[PDB]
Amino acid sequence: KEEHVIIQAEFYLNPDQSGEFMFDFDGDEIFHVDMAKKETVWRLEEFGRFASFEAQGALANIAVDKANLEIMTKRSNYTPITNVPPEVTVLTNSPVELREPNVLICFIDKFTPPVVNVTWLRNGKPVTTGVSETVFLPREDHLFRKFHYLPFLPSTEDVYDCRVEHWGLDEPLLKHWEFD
């Protein structure tokens, strides 16, 4: 069969002017390059103590991807991409026990283009404390995946929702979660 796969994935999107450069190992992100700060961001802190990567090379690659997108757009005769709405699922990363720290995971999958707006809601109100997220992960079908996280304290009083906005969706999608 096949034991492992390492993928260097990058993209450039117009008219948003969004680019991304990342390395993937068996579906997990090793690191990506922050375009604003022009730096290598490791998925897990310890990765950086074992290896390195010059962010500069990524910036140069993106410039070329931007130029190739221009060429291809005109060559395709300005054929736009077809929006593919995401499948959204919310789960905890471990079995929930009342008053025991846990994490809600918003899994956004199988969509394109790579642009989404995600917000967490606690009893209907946006929450930002401690939240984090991944960049857009590549898929073999060339669609994308993305994860959003929300550390929280389980209780019978709160309800949560992962609100996702995407152009393939007619209306913002809410995925509900509450203790049962």
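Note that residue numbering follows the sequence shown and begins at 1.
Higher mean CA temperature factor between 153-161 and 21-29: 153-161, per the PDB entry. Per-stretch averaging of Cα B factors for 52-60 and 138-146 places 52-60 on top. Taking the PDB entry at face value, the top CA B factor among 98, 90, 84, 71 belongs to 71. Split the chain's modelled residues into thirds by C-alpha temperature factor. Residue 128 is in the highest one. Placement of the Cα temperature factor of residue 94 within the chain: middle third of the modelled residues, per the deposited record. Ranked by Cα temperature factor within the chain, residue 9 sits in the lowest third according to the deposited record. Residue 35 sits in the highest third of its chain by CA B factor, as recorded in the PDB entry. Per-chain ranking of the deposited C-alpha B factor places residue 67 in the highest third.
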